[PDB]
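Comments concern the structure below.
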4 protein chains.
Amino acid sequence: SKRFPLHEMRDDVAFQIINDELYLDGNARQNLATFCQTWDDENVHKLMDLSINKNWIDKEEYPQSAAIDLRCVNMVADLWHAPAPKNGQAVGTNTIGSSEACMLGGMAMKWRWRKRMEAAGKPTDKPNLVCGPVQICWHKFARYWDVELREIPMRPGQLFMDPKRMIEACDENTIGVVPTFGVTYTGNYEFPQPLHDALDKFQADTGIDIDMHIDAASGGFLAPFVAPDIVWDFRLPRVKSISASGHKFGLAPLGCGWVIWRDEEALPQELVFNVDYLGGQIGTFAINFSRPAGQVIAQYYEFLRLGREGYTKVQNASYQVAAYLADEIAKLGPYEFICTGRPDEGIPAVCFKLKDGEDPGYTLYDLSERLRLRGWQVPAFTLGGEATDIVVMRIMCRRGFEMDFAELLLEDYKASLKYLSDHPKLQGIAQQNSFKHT
Amino acid sequence: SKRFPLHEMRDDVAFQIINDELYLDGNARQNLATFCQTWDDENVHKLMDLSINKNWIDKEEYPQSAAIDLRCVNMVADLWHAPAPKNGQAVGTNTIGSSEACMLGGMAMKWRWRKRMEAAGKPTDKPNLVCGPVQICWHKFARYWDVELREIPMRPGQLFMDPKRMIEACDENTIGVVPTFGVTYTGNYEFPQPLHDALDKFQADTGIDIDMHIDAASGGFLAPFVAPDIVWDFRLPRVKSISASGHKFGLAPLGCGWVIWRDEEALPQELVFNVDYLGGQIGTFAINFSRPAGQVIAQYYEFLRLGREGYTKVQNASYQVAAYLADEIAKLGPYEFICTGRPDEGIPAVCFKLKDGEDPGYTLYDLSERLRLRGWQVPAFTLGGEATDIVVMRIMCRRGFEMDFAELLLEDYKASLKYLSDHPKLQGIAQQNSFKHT
Amino acid sequence: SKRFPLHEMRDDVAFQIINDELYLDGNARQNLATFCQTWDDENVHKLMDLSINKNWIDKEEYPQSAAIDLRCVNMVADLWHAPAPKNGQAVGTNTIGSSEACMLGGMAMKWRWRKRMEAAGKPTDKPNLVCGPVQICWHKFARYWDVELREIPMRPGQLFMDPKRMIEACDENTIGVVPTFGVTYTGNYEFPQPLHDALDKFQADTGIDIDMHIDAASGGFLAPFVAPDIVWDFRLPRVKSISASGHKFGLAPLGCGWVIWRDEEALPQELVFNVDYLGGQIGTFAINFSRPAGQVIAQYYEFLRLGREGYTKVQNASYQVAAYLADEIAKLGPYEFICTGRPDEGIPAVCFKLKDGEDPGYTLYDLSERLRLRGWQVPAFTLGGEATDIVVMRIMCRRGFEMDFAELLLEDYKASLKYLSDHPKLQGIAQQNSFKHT
Amino acid sequence: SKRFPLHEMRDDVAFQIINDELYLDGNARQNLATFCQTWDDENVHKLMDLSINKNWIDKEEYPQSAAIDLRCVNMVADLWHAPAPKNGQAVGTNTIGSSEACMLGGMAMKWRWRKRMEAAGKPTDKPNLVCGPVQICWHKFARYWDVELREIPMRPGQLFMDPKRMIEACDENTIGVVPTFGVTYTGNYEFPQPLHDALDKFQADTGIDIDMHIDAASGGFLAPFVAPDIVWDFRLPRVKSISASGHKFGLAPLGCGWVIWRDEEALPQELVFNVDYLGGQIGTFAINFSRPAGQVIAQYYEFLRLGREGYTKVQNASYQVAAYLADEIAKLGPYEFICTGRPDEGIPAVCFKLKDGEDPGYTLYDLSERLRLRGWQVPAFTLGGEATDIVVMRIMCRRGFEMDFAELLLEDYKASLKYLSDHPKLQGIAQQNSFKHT
Ligand SMILES: *[C@H](*)c1c(COP(=O)(O)O)cnc(C)c1O
Ligand SMILES: *[C@H](*)c1c(COP(=O)(O)O)cnc(C)c1O
Ligand SMILES: *[C@H](*)c1c(COP(=O)(O)O)cnc(C)c1O
Ligand SMILES: *[C@H](*)c1c(COP(=O)(O)O)cnc(C)c1O
């Protein structure tokens with residue numbers, strides 16, 4: 001049970017035991033809380049099966065996996081408008097996910113800032129990072145790398161880091177600013193452009209030059225296709241690096257993330273380690289070492305098969321569903337929407353709360369429980385900062401969640417409302433927050 | 001081939017294109033350089049295929065995957081003699097590999113050390129780490145977390161960190177010592193026991209109490225089965241944590257690593273982050289967030305199917321082949337062996353060099369090249385520290401590399417020698433280090 | 001939107017669309033309400049796949065499928081102690097399920113009765129059928145064939161047809177008595193032996209000769225293996241026919257039923273239809289005509305693979321889990337058990353209710369809902385007969401639901417109780433019967 | 001050796017034994033006697049495999065299977081011009097085949113009649129059913145439900161139920177008329193419109209109001225696509241119900257039938273039974289209960305993939321081949337055709353007999369045997385009624401039977417004729433009817 005087994009067991013019996021237990025896991029098709037891919041593609045399955053033993057770090061034994069990874073780095077860099085590479089190869093790396101990507105970005109950000117302060121003869125004893133309602137990976141970064149996290153707290157009417165409060169927290173100890181292009185909590189984009197203008201003025205008034213790292217975990221694979229006019233990437237001079245989750249809207253299977261740097265200068269060479277290989281040593285900047293290359297290969301398949309044309313069609317379908325749900329749900333209760341699935345505002349999500357004062361006879365926690373009985377997982381949870389007095393419901397519309405599935409959700413939603421009305425004693429009982437990806 | 005594709009392509013054409021390219025990767029069956037699993041098991045393939053979308057961090061949607069992970073943690077802790085958990089669950093976590101596991105162990109060391117010094121009213125801005133010929137992940141750890149790496153260099157006579165030099169580098173700023181229970185370069189174990197005795201005396205003399213973290217990337221899944229008497233794990237009081245690679249001798253597919261802590265006190269809770277889940281929040285101490293659970297499930301399959309009984313047989317087979325090759329190769333040239341595949345000395349590997357002042361007409365680099373033309377990748381490389389000019393050949397004997405495969409290698413080895421003798425001009429031409437996992 | 005589609009679409013697109021929505025169906029591994037097979041066997045999947053086009057009624061084109069069906073009929077007849085047939089072939093047939101099998105048995109009863117009456121110059125326009133708490137297929141039989149259904153009502157302290165009330169309902173117009181060897185509602189066996197004794201005495205006293213048809217939908221593939229001493233089958237003279245569901249404890253996949261007659265005399269030939277075939281016409285007594293032979297083939301696979309000893313082990317495991325749950329659940333509340341998974345009393349099920357006048361702060365309907373939120377479907381429903389006031393919870397233990405899953409259920413059971421205790425306003429809200437197979 | 005096996009057997013041995021004997025079944029590709037699907041589609045195989053455990057009656061655990069079934073009901077009703085449903089859902093149900101469907105239609109018909117007679121103060125103990133050369137399922141219906149079958153006999157000139165002889169058999173005890181829209185014996189359609197006009201006149205002259213149930217086992221999925229203007233469905237007032245076989249020209253795998261009622265009024269609610277489900281009770285009118293939902297899912301796949309335009313193409317291909325064979329075979333002997341594969345007269349079949357008084361030196365029975373030696377099963381059999389002295393050959397052209405298969409059949413046909421000519425003693429030897437689906 002708790003001990004390492006003493007004796008053997010027939011291969012097929014062991015497989016039989018485990019296979020039967022796994023049916024206890026959900027298939028997530030009715031899970032509207034997660035951001036990760038849950039759609040099945042036969043080709044992706046075959047590519048992953050073929051790559052179970054392909055070692056991502058062994059560029060000697062698996063040269064083509066390595067080659068494909070480099071093409072991916074170039075493509076993502078291009079998608080984000082990185083300046084043309086002098087050597088023809090963009091500066092970036094594949095990672096397990098946005099978490100590792102963000103940490104690599106954070107470290108580079110801290111290193112640049114440090115070397116800069118040292119060149120000015122200033123102490124590098126107490127660095128700080130300015131950001132909004134960031135995902136937990138940034139809290140780990142601040143803690144693990146001894147950096148003071150200056151999180152602009154959420155607050156009624158302004159659930160994001162705005163220019164004014166951002167500047168209020170910036171000083172010579174700020175290694176950089178991290179806008180979240182697709183806030184986990186709500187689905188809305190923190191727009192880098194306005195923040196960028198503020199940083200320019202800041203330099204003009206104080207001489208302090210601050211860089212940006214965009215945590216585009218979700219938005220990095222959305223805006224480029226459905227809202228190209230939004231300027232949030234390398235088109236902005238201060239953006240030295242950007243990270244995103246391939247396994248979210250990048251459409252790759254779980255285990256794929258990306259981080260790109262503006263140019264060679266943006267990435268401190270002190271953070272790159274050379275590794276010997278027969279064809280010459282190659283530098284790597286990663287937290288991991290041995291790991292499978294299947295997700296990189298699957299990511300490439302998605303790029304090759306879809307292109308901008310196909311990604312636009314896929315993301316457009318998600319936004320269409322999200323907008324549909326936002327419009328229909330609005331008609332069923334006294335709700336105040338925070339996100340409505342608009343391409344120009346954020347990701348394909350619907351986030352709302354009960355209007356202040358309004359009491360329809362149930363909280364969102366109660367509604368979430370009723371829906372769970374219908375098989376749906378629609379997360380309800382309290383926000384942070386100075387808005388912890390707010391309870392919201394967030395619906396994520398991923399690939400595979402078609403219009404007809406949304407129609408069914410609406411029927412169950414209405415059925416859940418009718419039930420809550422018929423049984424008033426239910427109101428107020430549900431009090432636990434669901435998994436919200438952070 | 002550099003920019004993100006503009007137009008889409010037929011799914012099957014995209015697959016066909018990538019599939020054809022992948023034949024350029026090797027299958028590693030004749031690669032005797034890598035430590036990672038290269039053997040195919042139909043059941044492992046099925047479990048992995050079933051888990052492509054199972055999110056390791058989403059304990060809510062995939063509860064059984066989470067349950068299986070916890071069983072593995074307990075089993076590994078048991079295998080390493082961890083003290084009985086007061087709450088029934090061992091303290092530890094699954095990782096992508098030994099690199100992440102080592103970083104988590106390192107940070108824990110750094111944190112325990114901190115609170116130790118602060119308590120004793122002493123500064124904490126100049127920490128250092130004492131170790132031997134460690135794998136690159138530790139060099140990354142030192143650089144990324146600003147810790148002074150005090151690596152005891154290899155030298156003709158002792159290519160490992162010995163008790164004497166270890167104490168010489170130890171002081172009040174030593175956050176801990178890291179013995180490598182299975183040195184990447186040679187395959188030999190750095191025995192923790194002697195170093196442990198030295199650490200107790202160091203405390204009895206200076207009052208300084210230094211702990212250890214065992215990097216058992218390879219050895220953690222070897223000694224427990226074929227050399228139980230070697231005391232290197234939690235049986236030693238100073239060992240507060242141990243890490244190992246499941247995808248190496250743990251026999252799991254690429255993407256699995258483990259780190260276990262002696263008990264709750266060994267892991268600073270300041271490094272643990274809580275995440276909300278409908279069934280209550282759960283603490284996680286990891287660098288990654290979203291990622292697939294298939295490797296954990298496959299690891300469990302190996303534990304269940306093999307048990308101590310099955311692992312002993314698998315590892316015994318490897319040691320058998322290693323010892324055989326060591327015995328037969330010694331008869332082919334003037335060699336000095338560093339590792340001969342002995343269960344009591346290290347892992348299933350053969351490592352040797354030409355005897356000092358002995359020129360047989362070829363270097364090990366030349367031999368490696370002849371073998372490469374015969375399909376084998378047997379790495380030749382220079383050591384580090386004060387042995388920088390020593391060239392060695394290291395042969396890894398993994399699951400799948402059976403006796404008849406070793407017999408073929410010997411025939412190719414002898415043929416390579418005859419060719420080198422018949423063509424003296426080849427001597428000294430090859431000079432590049434092969435991939436050596438570090 | 002729901003009209004017959006106008007245009008064609010790509011084969012793989014249509015499949016993709018349907019495949020994706022099928023995830024909305026459950027996998028039933030945590031459904032403890034159904035009696036049907038939910039376990040998966042690769043060999044069964046292969047046999048079914050190979051038989052997709054094998055026509056059960058076309059004995060000419062698919063002679064081996066026909067041969068296999070006949071072997072199954074002989075094996076089932078043998079299992080139920082049917083008298084040895086003169087021509088070497090038992091009288092009986094495969095069906096889609098117990099429903100069709102019961103109707104065939106019902107028609108035969110009605111026919112034997114009619115002929116009996118006609119021979120004695122008695123009217124045949126007012127036939128009735130005596131039974132206990134039968135599954136809905138008998139209510140369908142009564143209505144479709146105009147037979148007065150005399151169902152002995154369940155009542156506190158006697159939820160089954162007892163000898164006394166059975167006789168009270170019998171007369172000259174009774175076509176037969178249907179004991180239910182495994183009552184759907186509770187899982188308990190209605191023992192034929194005592195009822196048979198009553199029918200013998202009834203004949204001796206009134207001259208009325210009444211026969212039985214045993215509805216052994218579940219019990220037919222249980223008692224023969226774990227309680228062979230229970231005399232419920234053909235060993236009893238009045239039992240003219242027996243039916244059972246191969247897809248329940250017969251372990252066959254959905255779509256397999258069986259009905260066996262005592263001998264040629266038990267099956268009126270007026271009900272058999274001869275169909276022309278090259279090798280000679282063959283009689284058929286069935287409601288269906290064209291249909292696949294896959295389930296018959298799979299049933300045969302189960303017979304050959306397991307045999308008596310195999311089935312005994314499979315059923316024994318289910319009885320263990322059931323007895324275990326009954327034993328453990330009793331310790332968690334003021335319950336009165338109706339069925340506790342004892343082999344000598346019924347099927348592997350647990351059925352209970354709250355003790356009269358006892359109020360633990362919840363109804364079983366509330367507990368069922370809490371368990372649903374934890375992924376389990378454990379049906380709670382009101383009884384039939386004259387007990388539509390009593391609410392019970394029934395747990396079915398099928399193949400695949402092993403001990404460890406039962407342990408998990410207990411953990412969730414206890415967790416549900418605690419939640420109900422900490423939230424008393426939940427009491428009495430839930431009030432809808434779950435699917436209970438009738 | 002016919003008993004229930006005693007010991008277990010290795011799963012692989014049991015599978016091997018059975019797999020090897022199944023090769024004794026034919027693959028039916030050269031069987032031109034059957035109406036059922038014998039074509040293989042990988043997507044249908046995948047869908048069926050995924051649905052092995054999906055319980056058609058458990059709408060609670062398998063809600064999507066249930067929802068898909070309802071879509072199919074609506075689509076088939078639309079295809080047959082059923083009046084728009086007030087509640088949005090057509091009245092009808094999936095069945096295992098046309099046999100069950102016909103019995104359901106038959107019972108409903110008997111009930112509607114009974115209600116009418118009771119209100120009229122007339123006896124209801126002598127019901128009769130008027131029909132033509134119906135398939136065996138109606139003979140079963142008549143026997144099982146005690147209804148007098150008034151079958152208009154086949155006779156030279158008219159091998160079907162004509163208006164005049166239909167009316168001559170109709171009286172106040174007639175529960176209805178059953179036209180066969182695709183006669184099993186000949187492939188010819190019995191046109192409902194002419195019969196309908198006759199029933200209109202019958203009511204005008206006698207006040208006796210008689211309805212119809214169309215047995216469109218084969219024609220129900222043909223005429224709507226290739227002969228839209230044939231008025232045989234709900235477009236006709238007296239048509240209260242229609243049934244058809246999905247596994248015949250509906251292109252679904254074995255185990256799928258359909259029966260649709262004109263409206264709620266056409267279906268006596270006393271024949272519907274309610275079943276409890278967590279989401280509310282749902283009524284069912286079926287003979288069977290538990291069974292797999294795979295065929296329903298596969299039928300939906302065919303509807304979605306093909307649509308009206310696709311079915312038209314598939315059906316046209318079969319008719320093209322039928323017409324081709326009819327035209328060619330006529331040039332090979334003194335034959336009188338009954339069916340020539342015309343879309344406006346019937347299904348894709350070829351039916352013929354030897355001209356009266358003509359003796360080419362062989363009977364169709366002899367020709368059939370010769371073709372069997374060449375791998376073809378082309379049934380030859382005697383008709384009934386007043387044509388008991390007429391022997392015909394019927395060739396069915398199903399999906400998969402391409403033009404080149406037909407060309408091969410013709411070569412073998414010619415070869416068989418030559419052989420018969422060279423061996424005159426063969427004439428008259430063969431005298432057994434083949435399987436003809438009835
Ligand atoms: C999901 C998310 C992350 C974490 O990315 P992973 O791929 O899960 O490691 C980081 N930031 C934001 C804003 C996210 O939504
Ligand atoms: C292989 C190795 C590592 C790195 O482990 P990964 O599983 O590749 O991350 C670390 N330390 C040693 C001693 C190793 O051999
Ligand atoms: C399940 C059941 C039936 C119906 O059997 P099916 O195989 O679903 O047709 C009939 N009687 C009893 C007692 C049952 O439990
Ligand atoms: C084939 C046929 C039937 C029987 O249909 P099944 O799907 O085999 O139950 C009934 N009537 C006619 C006219 C048929 O051709």
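We label chains A, B, ... in the order they appear in the structure tokens, count residues from 1 in each chain, and number ligands from 1 in the order shown.
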
Name each residue within 6 Å of ligand 2, counting only C-alpha atoms and all ligand atoms, as JSON, numbers by chain.
{"A": [288, 289, 290], "B": [97, 98, 99, 134, 135, 137, 180, 182, 183, 184, 215, 217, 218, 245, 437]}

Export of prior selection with C-alpha atoms as a PDB file, in the first residue's frame:
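Contents of the output file out28.pdb:
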```
ATOM      1  CA  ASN A 288      15.134  20.876 -16.805  1.00  0.00           C
ATOM      2  CA  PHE A 289      17.515  18.541 -18.639  1.00  0.00           C
ATOM      3  CA  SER A 290      16.337  15.095 -19.787  1.00  0.00           C
TER       4      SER A 290
ATOM      5  CA  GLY B  97      13.755  14.918 -13.799  1.00  0.00           C
ATOM      6  CA  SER B  98      16.726  14.986 -11.418  1.00  0.00           C
ATOM      7  CA  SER B  99      17.503  18.576 -12.475  1.00  0.00           C
ATOM      8  CA  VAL B 134      28.551  17.072  -9.995  1.00  0.00           C
ATOM      9  CA  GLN B 135      26.276  17.094 -13.028  1.00  0.00           C
ATOM     10  CA  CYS B 137      22.268  20.901 -12.896  1.00  0.00           C
ATOM     11  CA  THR B 180      26.871  12.242  -6.061  1.00  0.00           C
ATOM     12  CA  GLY B 182      26.601   7.728  -9.155  1.00  0.00           C
ATOM     13  CA  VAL B 183      28.946  10.228 -10.779  1.00  0.00           C
ATOM     14  CA  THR B 184      27.924  11.014 -14.358  1.00  0.00           C
ATOM     15  CA  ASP B 215      22.152  13.381  -5.888  1.00  0.00           C
ATOM     16  CA  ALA B 217      20.059  10.486 -10.162  1.00  0.00           C
ATOM     17  CA  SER B 218      21.249   7.026 -11.188  1.00  0.00           C
ATOM     18  CA  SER B 245      15.818  10.141 -12.054  1.00  0.00           C
ATOM     19  CA  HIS B 437      24.938  13.749 -20.052  1.00  0.00           C
TER      20      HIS B 437
END
```

Counting only C-alpha atoms and all ligand atoms, which residues in chain D sit no more than 12 Å from ligand 3? For each one, give the nearest pair of atoms and the distance in Å, sorted by chain then residue number, as CSV.
```
residue,atom,partner,partner_atom_place_in_ligand_line,distance
D:55,CA,ligand 3,8 (O),9.3
D:56,CA,ligand 3,8 (O),10.0
D:57,CA,ligand 3,8 (O),8.3
D:58,CA,ligand 3,8 (O),9.9
D:286,CA,ligand 3,9 (O),10.4
D:287,CA,ligand 3,9 (O),8.5
D:288,CA,ligand 3,9 (O),5.6
D:289,CA,ligand 3,9 (O),4.3
D:290,CA,ligand 3,8 (O),3.8
D:291,CA,ligand 3,8 (O),7.2
D:292,CA,ligand 3,8 (O),10.7
```

Keeping only N, CA, C and O atoms, write the selected residues to a file as a CSV table (one decimal), in the first residue's frame.
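Everything below was put into selection_21.csv:
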```csv
chain,number,residue,atom,x,y,z
D,55,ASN,N,-25.3,1.8,-22.5
D,55,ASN,CA,-26.7,1.2,-22.4
D,55,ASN,C,-27.8,2.1,-22.9
D,55,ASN,O,-28.0,3.2,-22.3
D,56,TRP,N,-28.4,1.7,-24.0
D,56,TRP,CA,-29.5,2.4,-24.7
D,56,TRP,C,-30.6,2.9,-23.8
D,56,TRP,O,-31.2,3.9,-24.0
D,57,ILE,N,-31.0,2.0,-22.8
D,57,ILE,CA,-32.1,2.4,-21.9
D,57,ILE,C,-31.7,3.2,-20.7
D,57,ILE,O,-32.5,3.8,-20.1
D,58,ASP,N,-30.4,3.3,-20.4
D,58,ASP,CA,-29.9,4.1,-19.3
D,58,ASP,C,-29.6,5.5,-19.8
D,58,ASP,O,-28.5,5.9,-20.0
D,286,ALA,N,-41.0,-0.3,-26.0
D,286,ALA,CA,-40.1,-1.2,-26.7
D,286,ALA,C,-40.3,-2.6,-26.1
D,286,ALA,O,-40.7,-2.7,-24.9
D,287,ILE,N,-39.9,-3.6,-26.8
D,287,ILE,CA,-39.9,-4.9,-26.3
D,287,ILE,C,-38.7,-5.2,-25.5
D,287,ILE,O,-38.7,-5.8,-24.4
D,288,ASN,N,-37.5,-4.7,-26.0
D,288,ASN,CA,-36.2,-4.8,-25.3
D,288,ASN,C,-36.0,-3.7,-24.3
D,288,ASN,O,-36.6,-2.7,-24.3
D,289,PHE,N,-35.1,-4.0,-23.4
D,289,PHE,CA,-34.7,-3.0,-22.3
D,289,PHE,C,-33.2,-2.7,-22.5
D,289,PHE,O,-32.8,-2.0,-23.4
D,290,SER,N,-32.4,-3.3,-21.7
D,290,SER,CA,-30.9,-3.1,-21.8
D,290,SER,C,-30.4,-3.6,-23.1
D,290,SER,O,-30.8,-4.7,-23.6
D,291,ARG,N,-29.6,-2.8,-23.8
D,291,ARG,CA,-29.0,-3.2,-25.1
D,291,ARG,C,-28.0,-2.1,-25.4
D,291,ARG,O,-28.1,-1.0,-24.9
D,292,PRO,N,-27.0,-2.3,-26.3
D,292,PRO,CA,-26.1,-1.3,-26.7
D,292,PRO,C,-26.6,-0.2,-27.6
D,292,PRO,O,-27.4,-0.4,-28.4
```

With all C-alpha atoms matched in order and chain C superposed on chain D by least squares, what's the RMSD to one decimal?
0.3 Å

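Remark: for ligand 4, the closest of the candidate residues D:26, D:179, D:92, D:85 is D:179 (distances computed over only C-alpha atoms and all ligand atoms).
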
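Within the 8 Å cut-off around residue 4 of chain A, using only C-alpha atoms and omitting residues fewer than 6 positions from it on the same chain, the listed residues are residues 74, 75, 76, 78, 79, 303, 307 and 308 of chain B.
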
Could you write out the selected residues, including N, CA and C atoms, as a compact mmCIF listing (two decimals), in the first residue's frame?
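Final file, out_9.txt:
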```
# COMPACT_ATOMS: atom_id res chain seq x y z
N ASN B 74 5.36 7.77 -1.50
CA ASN B 74 5.50 6.90 -0.35
C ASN B 74 6.42 5.72 -0.64
N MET B 75 6.26 5.11 -1.82
CA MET B 75 7.08 3.97 -2.19
C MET B 75 8.56 4.32 -2.31
N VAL B 76 8.87 5.44 -2.95
CA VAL B 76 10.25 5.86 -3.10
C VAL B 76 10.85 6.20 -1.73
N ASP B 78 10.01 4.94 1.05
CA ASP B 78 10.22 3.65 1.71
C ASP B 78 11.51 3.02 1.21
N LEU B 79 11.69 3.05 -0.10
CA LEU B 79 12.88 2.48 -0.73
C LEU B 79 14.16 3.12 -0.17
N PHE B 303 6.78 0.01 -10.71
CA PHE B 303 6.86 -0.36 -9.29
C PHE B 303 5.97 -1.58 -9.01
N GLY B 307 8.44 -4.62 -8.54
CA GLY B 307 8.65 -4.75 -7.10
C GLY B 307 10.15 -4.91 -6.87
N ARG B 308 10.57 -5.11 -5.62
CA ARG B 308 11.99 -5.27 -5.35
C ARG B 308 12.53 -6.46 -6.14
```
